[PDB]
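Report on one structure; see the data block that follows.
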Amino acid sequence: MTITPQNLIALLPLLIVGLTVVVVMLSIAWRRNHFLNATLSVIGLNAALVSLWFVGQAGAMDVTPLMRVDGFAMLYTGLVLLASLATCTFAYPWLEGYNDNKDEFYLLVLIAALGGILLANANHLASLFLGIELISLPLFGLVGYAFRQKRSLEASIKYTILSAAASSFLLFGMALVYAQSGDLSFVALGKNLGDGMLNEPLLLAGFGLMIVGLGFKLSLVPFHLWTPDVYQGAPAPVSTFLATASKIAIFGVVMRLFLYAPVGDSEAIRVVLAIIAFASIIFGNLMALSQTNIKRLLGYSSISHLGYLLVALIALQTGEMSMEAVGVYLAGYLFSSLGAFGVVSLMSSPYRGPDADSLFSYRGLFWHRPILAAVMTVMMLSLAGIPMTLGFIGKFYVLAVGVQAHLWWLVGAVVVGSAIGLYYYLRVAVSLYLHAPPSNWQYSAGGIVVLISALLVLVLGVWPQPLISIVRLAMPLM
Amino acid sequence: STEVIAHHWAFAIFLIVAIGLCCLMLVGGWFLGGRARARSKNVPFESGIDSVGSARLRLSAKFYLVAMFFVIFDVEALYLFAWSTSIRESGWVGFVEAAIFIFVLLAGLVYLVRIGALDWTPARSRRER
Amino acid sequence: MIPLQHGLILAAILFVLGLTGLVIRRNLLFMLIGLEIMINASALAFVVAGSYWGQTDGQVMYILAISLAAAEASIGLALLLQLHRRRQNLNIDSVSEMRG
Amino acid sequence: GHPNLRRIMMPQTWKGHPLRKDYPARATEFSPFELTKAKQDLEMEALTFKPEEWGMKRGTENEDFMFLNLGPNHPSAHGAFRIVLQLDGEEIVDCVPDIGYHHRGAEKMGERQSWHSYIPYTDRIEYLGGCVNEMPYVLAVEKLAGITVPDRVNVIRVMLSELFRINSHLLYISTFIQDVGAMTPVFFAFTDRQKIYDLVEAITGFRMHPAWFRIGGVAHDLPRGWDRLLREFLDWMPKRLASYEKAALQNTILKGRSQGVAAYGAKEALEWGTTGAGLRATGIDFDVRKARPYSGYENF
Amino acid sequence: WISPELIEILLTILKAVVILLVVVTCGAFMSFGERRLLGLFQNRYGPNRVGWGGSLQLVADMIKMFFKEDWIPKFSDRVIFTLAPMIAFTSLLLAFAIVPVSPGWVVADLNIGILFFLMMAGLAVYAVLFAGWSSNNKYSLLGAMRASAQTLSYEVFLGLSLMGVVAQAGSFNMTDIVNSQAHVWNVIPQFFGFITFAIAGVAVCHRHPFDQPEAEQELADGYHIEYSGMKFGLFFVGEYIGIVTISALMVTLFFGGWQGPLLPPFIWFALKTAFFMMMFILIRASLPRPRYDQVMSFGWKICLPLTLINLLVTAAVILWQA
Amino acid sequence: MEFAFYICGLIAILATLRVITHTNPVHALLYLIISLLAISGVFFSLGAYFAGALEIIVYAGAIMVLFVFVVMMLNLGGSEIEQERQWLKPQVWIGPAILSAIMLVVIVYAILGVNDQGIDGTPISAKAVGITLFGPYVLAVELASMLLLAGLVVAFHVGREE
Ligand SMILES: CCCCCCCCCCCCCCCCCC(=O)OC[C@H](COP(=O)(O)OCCN)OC(=O)CCCCCCCCCCCCCCCCC
Ligand SMILES: CCCCCCCCCCC1=C(C)C(=O)C(OC)=C(OC)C1=O
Ligand SMILES: CCCCCCCCCCCCCCCCCCCC
Ligand SMILES: CCCCCCCCCCCCCCCCCCCC
């Protein structure tokens with residue numbers, strides 16, 4: 001099978017993102033202009049987002065031995081492109097706080113966006129590997145973008161060493177899986193077995209090593225300890241991108257890998273994934289109890305929400321409802337993290353020196369900056385799965401999927417973790433309103449983005465039918 | 001076949017006699033000729049006068065960025081090594097893809113040249129004035 | 001006449017050796033050699049896996065693996081440069097400011 | 001108010017001041033040179049560069065500077081010159097040029113030798129100058145005595161000075177070309193130096209240290225046939241010079257190694273006492289052969 | 001041991017040993033020939049007194065180098081110090097071990113070929129690096145750093161300069177390369193590849209003008225100044241077999257190797273290799289040494305894009321005529 | 001060829017073990033080059049000639065710049081060696097040694113349970129790898145070039161002096 005102009009049309013966001021990455025690189029080489037480079041990044045990402053329409057008009061196609069494009073890939077492409085656009089929008093005033101060069105940030109942002117597209121359209125072990133590292137490497141760049149800062153350099157070193165080790169683990173597991181199977185496509189990972197002989201120690205150990213690597217990428221326990229350190233160390237737009245786009249992209253490729261492979265029917269993988277989900281939910285919700293820092297609290301929040309997502313993913317083989325639940329909760333998670341980390345980005349922007357403290361001091365935010373406090377408190381209302389918000393719709397979908405396949409331990413863990421999350425989220429929300437002891441249109445653009453996220457959360461919590469409809473329209477190959 | 005085994009044996013004997021000749025040459029150099037007994041024999045040569053410190057100090061270098069770019073460009077080079085041996089069977093589609101590859105390489109190199117990378121010369125001379 | 005199991009065992013041995021050299025060494029450089037050892041062991045396992053089935057896919061995965069190894073070595077070397085310039089010491093146990 | 005008042009000719013372990021009248025001049029008056037282990041160690045430690053005495057600031061908070069002794073005995077060091085140079089990587093931070101490894105005490109010899117016997121010592125002051133080194137000494141002595149030399153003496157001394165100037169400039173060009181990296185034209189340049197040496201052997205009787213100029217004239221008269229050798233040299237030179245130019249001095253590699261390297265303006269050439277080629281290259285047209293013409297240089 | 005297969009294996013082994021002895025003896029004879037040819041280029045004779053024409057000067061130099069005191073410094077790492085001449089002597093010899101000198105006269109008919117040459121160059125850099133670091137000298141340290149920078153400069157584009165010839169032959173085998181030039185020699189279609197490979201191959205052996213590590217004028221002989229005895233002679237012989245290897249490699253990938261119209265094939269190979277050896281002596285004598293920062297700038301900004309453009313043009317020409 | 005594979009595996013194991021437990025960085029790099037040459041011998045034994053060729057071509061370039069950083073940073077005489085010696089203590093390495101041992105035991109047990117037919121040692125030329133690399137695996141090449149571009153940009157940004 002070769003490449004056709006129809007396949008060229010179906011690859012439009014990847015082509016647009018790569019071409020505009022080359023464009024912004026050549027613009028950096030031509031002249032160090034910040035506004036023009038960030039602007040070209042914005043039209044590049046928006047051009048990919050509107051070429052999604054032409055991809056949808058094209059149709060689902062198996063474009064490569066590697067790539068398969070359908071509604072699943074289109075939806076996750078749209079989510080990661082929205083996250084990249086928001087990351088640029090919040091990164092702009094923080095970069096006018098930056099004394100050093102500010103142009104490589106957006107270049108790394110759309111290279112990581114290209115990696116997200118590659119993971120979204122991934123239907124191959126090679127493409128999955130390349131997407132993981134094409135997401136990871138610009139995050140190594142962006143976490144240590146402010147290398148003069150202590151915490152940014154420390155988090156960059158930690159994330160680089162840990163993600164290279166996890167890439168080594170995932171590569172070795174992929175090599176063992178390929179040694180057993182002899183083909184690297186997702187659909188052929190366990191096709192030679194039959195009559196109940198789907199379990200074999202080499203394939204199981206290979207998939208366990210990929211489970212280790214991917215659970216590092218989704219902060220699953222016990223590969224979760226990097227998350228608060230990296231989230232606090234990295235800049236606030238970098239924290240936004242790592243919380244949104246990376247988590248959506250690797251969880252989408254994990255959903256793809258566990259749906260199109262025949263290894264999902266194996267009970268041992270399901271049991272160990274249930275154990276990982278239980279541990280992730282309980283540990284992530286418990287560790288954010290006495291946290292006085294917003295970034296580490298949101299890191300443990302990311303751990304707990306990826307545990308909920310894994311709980312939804314476990315019941316994929318029995319029920320035909322788990323995939324749309326995963327999509328709905330991923331959309332709600334994207335909007336929630338975008339709003340929350342956007343408030344962190346606006347209250348962190350501009351970059352007021354590396355040696356000066358970057359403490360948040362969220363207490364009493366309403367009395368001087370009321371709109372950002374309103375967005376932050378509705379964001380914590382959304383993160384706890386409280387009604388009139390999209391997080392409740394995601395939690396309801398996860399609970400219904402768990403009830404459908406009779407996974408009661410996960411349901412109890414969800415309830416307990418939701419109670420602890422209620423405690424610390426609403427403690428933050430009330431502390432927003434207590435008694436504590438700009439002037440540019442890009443800061444206004446970031447305020448518009450967080451206000452749009454808050455209004456979307458409220459509207460889709462009150463009326464969740466359009467989101468469910470557009471998620472069910474993303475109907476991939478059964 | 002017979003010729004493959006003959007060439008493998010010839011290559012093995014080539015390596016064996018090469019290392020044997022080198023080791024015998026070193027042994028003959030080491031064992032023939034008298035030694036020396038001098039006060040300042042075991043001093044590193046710094047043009048007749050003693051050193052200020054040692055030769056094992058922390059030497060700076062300006063070649064770090066060029067070293068990393070060398071490794072990256074050698075990996076792109078190995079990709080082109082894989083391409084070049086099968087150009088005829090790849091067809092024109094492979095030519096277009098390798099043209100995109102080399103265009104990304106050229107854009108990266110122009111980016112390196114223009115931003116001040118690959119330019120580590122001291123600001124005093126720089127072959128100016 | 002070479003079993004695949006012996007090659008996979010060899011790759012696993014070098015993999016755990018690189019992991020041990022990563023964990024027991026607090027020098028950032030020796031961690032970078034450790035990482036290169038694990039990456040090359042995984043690539044070696046891919047090469048044996050491709051050689052067993054007579055496919056070029058293992059060698060393609062090897063090429064991707066060494067591309068990742070080179071890029072990660074360059075980035076880790078730059079981070080090591082920054083750490084040694086801004087702290088004058090290459091101990092990774094001193095990188096512990098963020099906790100709790 | 002002087003910043004670093006330290007010895008520059010004599011070593012730091014030296015007692016007495018050599019140019020004072022009570023200090024003896026000859027080494028046979030003093031004890032002979034016995035090199036023992038203790039004296040060798042003391043003089044080797046005295047010659048050791050101590051960076052705190054010049055305020056060198058050895059090392060930095062991040063990475064250490066490394067000190068290099070280029071001379072003495074370096075292929076690029078043209079003589080007994082030692083420079084102590086501080087490097088960060090390849091870049092030079094500061095330089096401490098140490099001289100005194102070539103001191104002969106020629107002024108004390110001027111207080112030791114007679115007027116006539118001091119001419120070989122003046123000749124060896126610059127060993128590529130010869131008669132050019134002889135000329136100011138004998139002219140100053142003729143000023144002291146009240147001697148006006150005839151025209152033929154002036155022409156002979158001008159001719160010998162220009163011959164040795166061509167020899168010195170040939171050696172300088174060959175050493176510059178070799179120091180850039182081209183090792184070929186130095187052999188041909190020394191062949192033209194051999195032609196000049198044949199002419200100078202014919203006239204003065206010696207190759208490189210002629211010791212030929214005298215008070216009020218020269219030692220001998222010109223031998224029968226010097227014009228033939230001068231004609232041969234004047235035919236031999238310009239084609240060889242054009243060959244050297246087209247082979248090395250128009251090379252773009254030599255231009256890259258040479259143009260823009262160690263450039264200074266007229267204020268640096270004036271405040272530092274720079275004369276000769278550097279002063280004329282800075283636009284200051286102060287030549288002694290034109291501004292204050294000596295030895296009948298107005299006739300050329 | 002009476003079998004046609006075993007006598008064929010023995011004949012191949014004998015041919016490989018003969019090739020090795022001849023190239024080592026030719027490297028030493030061409031050290032002597034460098035002395036004589038530098039004399040010829042610089043309007044003199046050089047050593048012409050030890051025997052007829054100075055032919056026994058090499059034997060006298062060998063006697064002196066064997067009976068010179070082989071000195072290992074106390075401040076040096078002894079194993080690395082002894083190991084560096086071994087690498088310098090052997091890496092370029094194994095690089096030569098793939099060069100086909102005649103039809104039916106080759107040591108190893110590898111399927112990699114010029115890949116093996118790139119491997120041996122990448123292994124040959126460690127001889128200079130280990131000689132610079134091990135000897136524990138500041139001049140040797142600066143020479144090793146300069147050698148590393150020069151190696152960056154040339155090895156960024158050496159293989160890409162060879163990829164034009166690789167693409168034209170369509171294979172990595174040496175005999176396929178020398179058989180693809182049966183009509184036209186590869187210097188005419190690959191000319192930019194030819195000049196870039198000339199620059200990179202002079203930089204392989206660190207010969208002039210790329211003698212940044214062992215610069216006589218700049219660092220006072222550079223990295224091997226603590227090196228003495230037969231180890232320094234091993235450095236010399238290793239660089240001279242390096243020159244022979246690069247010359248024979250240009251003969252094979254740009255001048256048809258052994259292919260010639262009238263003379264026997266080994267005679268044509270010998271004449272072209274000797275012409276390139278003469279060109280090495282001429283390139284030492286003729287033009288001066290540039291600054292290594294400008295050397296690396298020239299190797300990065302000029303040579304590498306030129307090799308990439310030449311590879312693209314060669315691929316387009318090859319696919320046009322298919 | 002079987003003996004070559006086994007002896008290269010043994011040399012790689014011993015050299016890696018000497019790498020991970022050495023105090024001299026340059027000696028550790030030398031043992032690393034020995035280990036990578038042994039890995040290349042393993043690659044050349046199995047018929048993957050291109051894999052061993054690139055293992056010696058571009059990894060020797062990679063260990064080269066590691067050597068440049070080692071001489072630029074670490075070498076201070078014995079001061080690096082004693083500082084590394086005080087760091088390594090018996091309990092410190094017997095901590096994770098049992099973890100690596102049990103991990104190796106589990107992985108080996110999982111490996112031994114697979115069906116095998118023996119690697120026939122059929123050589124794979126670089127032409128087939130070129131066909132597959134620029135055929136079915138095109139976007140792997142293109143987005144890997146983008147990956148190398150990203151790594152180059154990050155190396156520029158973080159590695160700068162000022
Ligand atoms: C078997 C293998 C060997 C076979 C023997 C025959 C071939 C021998 C090949 C020898 C190659 C030598 C290459 C030397 C390259 C030197 C490059 C260099 O450093 O150039 C720098 C120099 C100054 O650069 P600049 O821009 O002024 O400085 C920037 C500072 N701000 O830049 C300049 O001065 C500008 C001019 C640069 C010229 C670069 C080299 C041109 C090509 C090589 C020379 C010709 C060789 C023979 C060609 C065929 C002749 C028939
Ligand atoms: C290369 C063989 C000799 C060629 C002819 C002489 C080359 C120029 C030598 C210049 C020089 C002089 C005069 C010189 O006096 C000197 O100091 C002792 C040097 O350093 C060793 C020199 O290099
Ligand atoms: C100056 C020539 C340098 C050559 C270096 C390589 C020589 C290797 C040894 C070759 C020996 C065999 C020569 C060919 C024999 C068969 C043909 C004979 C008639 C010409
Ligand atoms: C100052 C900080 C130092 C941190 C050193 C960390 C060393 C960790 C060593 C872990 C060893 C584990 C051995 C196996 C334990 C049992 C199996 C896992 C738990 C069930």
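Chain labels run A, B, ... following the order of the structure tokens; each chain numbers its residues from 1, and ligands are numbered from 1 in the order shown.
Residues of protein or nucleic acid lying within 6 Å of ligand 3, counting only C-alpha atoms and all ligand atoms, are residues 18, 19, 22, 23, 102, 264, 266, 267, 270 and 274 of chain E.
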Give me the chain E side of the contact with ligand 1, cut-off 8 Å, one line per residue showing its nearest atom pair and distance in Å at one decimal, counting only C-alpha atoms and all ligand atoms, sorted by chain and residue number, as CSV.
```
residue,atom,partner,partner_atom_place_in_ligand_line,distance
E:195,CA,ligand 1,48 (C),6.5
E:197,CA,ligand 1,2 (C),7.2
E:198,CA,ligand 1,2 (C),4.5
E:199,CA,ligand 1,11 (C),4.3
E:200,CA,ligand 1,11 (C),7.9
E:201,CA,ligand 1,2 (C),5.2
E:202,CA,ligand 1,3 (C),5.5
E:208,CA,ligand 1,12 (C),7.9
E:209,CA,ligand 1,14 (C),6.2
E:210,CA,ligand 1,14 (C),7.3
E:243,CA,ligand 1,1 (C),6.9
E:244,CA,ligand 1,1 (C),7.9
E:246,CA,ligand 1,1 (C),4.9
E:247,CA,ligand 1,1 (C),3.8
E:248,CA,ligand 1,1 (C),7.4
E:249,CA,ligand 1,1 (C),7.4
E:250,CA,ligand 1,1 (C),5.8
E:276,CA,ligand 1,1 (C),5.4
E:277,CA,ligand 1,1 (C),7.0
E:279,CA,ligand 1,5 (C),4.7
E:280,CA,ligand 1,5 (C),5.0
E:282,CA,ligand 1,5 (C),8.0
E:283,CA,ligand 1,8 (C),5.9
E:289,CA,ligand 1,16 (C),7.6
E:290,CA,ligand 1,19 (O),4.7
E:291,CA,ligand 1,19 (O),6.1
E:292,CA,ligand 1,19 (O),6.6
E:293,CA,ligand 1,19 (O),7.5
E:294,CA,ligand 1,19 (O),4.5
E:295,CA,ligand 1,19 (O),3.5
E:296,CA,ligand 1,19 (O),7.1
E:297,CA,ligand 1,19 (O),7.3
E:298,CA,ligand 1,17 (C),5.4
E:299,CA,ligand 1,17 (C),7.4
```
Using only C-alpha atoms and all ligand atoms, which protein or nucleic acid residues are at most 8 Å from ligand 4, as a PyMOL selection string?
(chain C and resi 23-24+93) or (chain F and resi 92+95-99)
Output of the above residues as a tab-separated table (two decimals), in the first residue's frame, restricted to N, CA and C atoms:
```
chain	number	residue	atom	x	y	z
C	23	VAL	N	20.70	3.73	38.80
C	23	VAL	CA	20.20	3.92	40.16
C	23	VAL	C	21.35	4.14	41.14
C	24	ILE	N	22.41	3.33	41.05
C	24	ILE	CA	23.46	3.41	42.06
C	24	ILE	C	24.42	4.58	41.88
C	93	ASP	N	21.78	14.06	43.96
C	93	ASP	CA	21.09	14.10	45.24
C	93	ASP	C	21.00	15.51	45.81
F	92	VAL	N	24.95	0.67	49.50
F	92	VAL	CA	24.41	1.51	48.44
F	92	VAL	C	24.19	0.72	47.16
F	95	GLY	N	21.67	-2.46	47.65
F	95	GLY	CA	20.27	-2.08	47.66
F	95	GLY	C	19.52	-2.47	46.40
F	96	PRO	N	19.84	-1.82	45.27
F	96	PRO	CA	19.14	-2.13	44.02
F	96	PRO	C	19.67	-3.34	43.26
F	97	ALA	N	20.74	-3.98	43.74
F	97	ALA	CA	21.27	-5.16	43.06
F	97	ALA	C	20.28	-6.31	43.09
F	98	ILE	N	19.63	-6.53	44.23
F	98	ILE	CA	18.63	-7.59	44.32
F	98	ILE	C	17.39	-7.24	43.50
F	99	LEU	N	17.07	-5.95	43.37
F	99	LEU	CA	15.95	-5.53	42.53
F	99	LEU	C	16.24	-5.81	41.06
```
Starting from chain E, keep only residues with some atom at most 7 Å from an atom of chain F, counting only C-alpha atoms, and report them as a PDB file with C-alpha atoms, in the first residue's frame.
```pdb
ATOM      1  CA  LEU E 115      30.365   1.890   5.806  1.00  0.00           C
ATOM      2  CA  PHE E 116      33.359  -0.039   7.162  1.00  0.00           C
ATOM      3  CA  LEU E 118      33.351   5.270   8.137  1.00  0.00           C
ATOM      4  CA  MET E 119      33.474   2.849  11.082  1.00  0.00           C
ATOM      5  CA  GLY E 122      35.217   6.880  13.816  1.00  0.00           C
ATOM      6  CA  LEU E 123      37.439   4.386  15.621  1.00  0.00           C
TER       7      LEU E 123
END
```
Check: which chain D residues lie within 12 Å of chain F using only C-alpha atoms, as a PDB file with C-alpha atoms, in the first residue's frame:
```
ATOM      1  CA  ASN D  62      32.530  28.070  37.385  1.00  0.00           C
ATOM      2  CA  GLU D  63      35.550  26.831  35.391  1.00  0.00           C
ATOM      3  CA  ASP D  64      39.289  27.211  35.893  1.00  0.00           C
ATOM      4  CA  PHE D  65      41.681  29.181  33.732  1.00  0.00           C
ATOM      5  CA  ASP D  88      39.662  30.007  29.067  1.00  0.00           C
ATOM      6  CA  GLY D  89      39.327  27.200  26.548  1.00  0.00           C
TER       7      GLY D  89
END
```
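The residue set within 7 Å of stretch 18-34 of chain B, counting only C-alpha atoms and dropping same-chain residues fewer than 3 places from it, reads residues 14 and 15 of chain B; 66, 67, 68, 69, 70, 86, 90, 229, 230 and 231 of chain E.
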Give me, as a PyMOL selection string, all polymer residues having an atom no more than 12 Å from residue F:24, counting only C-alpha atoms and skipping those fewer than 5 positions away in the same chain.
(chain C and resi 29-30) or (chain E and resi 77) or (chain F and resi 18-19+29-31+67+70-71+74-85)
Could you turn the residues from that selection into a file that holds N, CA, C and O atoms, as a tab-separated table (two decimals), in the first residue's frame?
```
chain	number	residue	atom	x	y	z
C	29	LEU	N	26.36	12.44	34.75
C	29	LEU	CA	26.99	11.85	33.57
C	29	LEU	C	26.81	10.34	33.56
C	29	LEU	O	26.27	9.78	32.60
C	30	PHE	N	27.15	9.67	34.67
C	30	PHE	CA	27.03	8.22	34.74
C	30	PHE	C	25.58	7.77	34.61
C	30	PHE	O	25.32	6.68	34.09
E	77	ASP	N	48.61	7.84	32.16
E	77	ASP	CA	47.92	6.56	32.27
E	77	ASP	C	48.54	5.60	31.26
E	77	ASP	O	48.41	5.80	30.05
F	18	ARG	N	31.81	-3.50	33.88
F	18	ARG	CA	32.93	-2.64	34.24
F	18	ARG	C	32.59	-1.16	34.08
F	18	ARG	O	33.14	-0.32	34.79
F	19	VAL	N	31.69	-0.83	33.14
F	19	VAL	CA	31.27	0.56	32.97
F	19	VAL	C	30.49	1.04	34.18
F	19	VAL	O	30.77	2.11	34.73
F	29	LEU	N	34.43	5.21	29.69
F	29	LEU	CA	34.10	5.45	28.29
F	29	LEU	C	34.81	4.46	27.38
F	29	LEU	O	34.24	4.01	26.38
F	30	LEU	N	36.06	4.11	27.70
F	30	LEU	CA	36.79	3.12	26.90
F	30	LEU	C	36.12	1.75	26.97
F	30	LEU	O	35.93	1.08	25.94
F	31	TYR	N	35.73	1.33	28.17
F	31	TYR	CA	34.98	0.08	28.30
F	31	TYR	C	33.63	0.17	27.62
F	31	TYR	O	33.11	-0.84	27.12
F	67	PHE	N	33.26	12.08	25.50
F	67	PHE	CA	34.65	12.28	25.89
F	67	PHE	C	34.99	13.76	25.98
F	67	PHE	O	35.70	14.18	26.90
F	70	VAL	N	33.61	15.02	29.12
F	70	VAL	CA	34.35	14.49	30.26
F	70	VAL	C	35.64	15.27	30.49
F	70	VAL	O	35.95	15.66	31.62
F	71	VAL	N	36.40	15.53	29.42
F	71	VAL	CA	37.60	16.35	29.57
F	71	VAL	C	37.25	17.81	29.87
F	71	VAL	O	38.06	18.54	30.46
F	74	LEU	N	35.04	16.86	34.07
F	74	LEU	CA	35.22	16.00	35.23
F	74	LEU	C	36.68	15.84	35.66
F	74	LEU	O	36.95	15.73	36.86
F	75	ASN	N	37.61	15.81	34.71
F	75	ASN	CA	38.99	15.42	35.01
F	75	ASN	C	39.67	16.49	35.87
F	75	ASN	O	39.81	17.64	35.46
F	76	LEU	N	40.05	16.10	37.09
F	76	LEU	CA	40.81	16.97	37.98
F	76	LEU	C	41.92	16.19	38.67
F	76	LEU	O	42.33	16.54	39.78
F	77	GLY	N	42.42	15.14	38.02
F	77	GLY	CA	43.36	14.25	38.64
F	77	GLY	C	42.64	13.16	39.42
F	77	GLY	O	41.65	12.60	38.93
F	78	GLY	N	43.12	12.86	40.62
F	78	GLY	CA	42.44	11.90	41.46
F	78	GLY	C	41.27	12.46	42.25
F	78	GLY	O	40.56	11.69	42.90
F	79	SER	N	41.06	13.78	42.20
F	79	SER	CA	40.01	14.41	43.00
F	79	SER	C	38.62	13.94	42.58
F	79	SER	O	37.72	13.82	43.42
F	80	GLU	N	38.42	13.68	41.29
F	80	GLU	CA	37.19	13.05	40.84
F	80	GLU	C	37.09	11.60	41.33
F	80	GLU	O	36.00	11.13	41.66
F	81	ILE	N	38.22	10.90	41.39
F	81	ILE	CA	38.20	9.46	41.67
F	81	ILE	C	37.89	9.20	43.13
F	81	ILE	O	37.07	8.32	43.46
F	82	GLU	N	38.52	9.95	44.05
F	82	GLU	CA	38.20	9.79	45.46
F	82	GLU	C	36.78	10.26	45.77
F	82	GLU	O	36.09	9.66	46.60
F	83	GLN	N	36.33	11.34	45.11
F	83	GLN	CA	34.97	11.82	45.33
F	83	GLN	C	33.94	10.79	44.87
F	83	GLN	O	32.92	10.58	45.52
F	84	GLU	N	34.22	10.12	43.74
F	84	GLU	CA	33.36	9.02	43.31
F	84	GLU	C	33.53	7.79	44.20
F	84	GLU	O	32.60	6.98	44.32
F	85	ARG	N	34.69	7.63	44.84
F	85	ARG	CA	34.92	6.46	45.69
F	85	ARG	C	34.17	6.57	47.01
F	85	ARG	O	33.62	5.58	47.50
```
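Between atom CA of residue E:318 and atom CA of residue B:80 the separation is 15.7 Å.
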Could you write out as a PyMOL selection string the residues of chain F within 7 Å of chain C, counting only C-alpha atoms?
chain F and resi 2+9+13+16-17+20+46+48+51+92-93+96-97+100+104+108+111-112+116+118-120+128-129+132-133+148+151+154-155+158-159
Please check which protein, DNA or RNA residues sit within 6 Å of ligand 2, counting only C-alpha atoms and all ligand atoms, and write them as an NGL selection string.
:D and (73-79 or 175 or 186)
Could you save the residues just selected, with C-alpha atoms, as a short mmCIF file (atom, residue, chain, number, x, y, z; two decimals), in the first residue's frame?
```
data_model
loop_
_atom_site.label_atom_id
_atom_site.label_comp_id
_atom_site.auth_asym_id
_atom_site.auth_seq_id
_atom_site.Cartn_x
_atom_site.Cartn_y
_atom_site.Cartn_z
CA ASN D 73 61.93 27.24 23.05
CA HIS D 74 58.78 27.45 21.01
CA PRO D 75 58.76 27.16 17.20
CA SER D 76 56.61 30.31 17.05
CA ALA D 77 58.64 32.17 19.70
CA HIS D 78 61.32 33.90 17.63
CA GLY D 79 64.09 33.80 20.20
CA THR D 175 58.99 33.50 9.11
CA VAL D 186 61.19 29.99 3.47
#
```
Taking the backbone alone, and naming residues the way the document does, which bits of stretch 228-462 of chain A are helix (DSSP H, G or I) by DSSP, as a PyMOL selection string?
chain A and resi 228-233+236-260+262-265+267-287+294-314+322-348+370-383+390-404+408-431+441-462
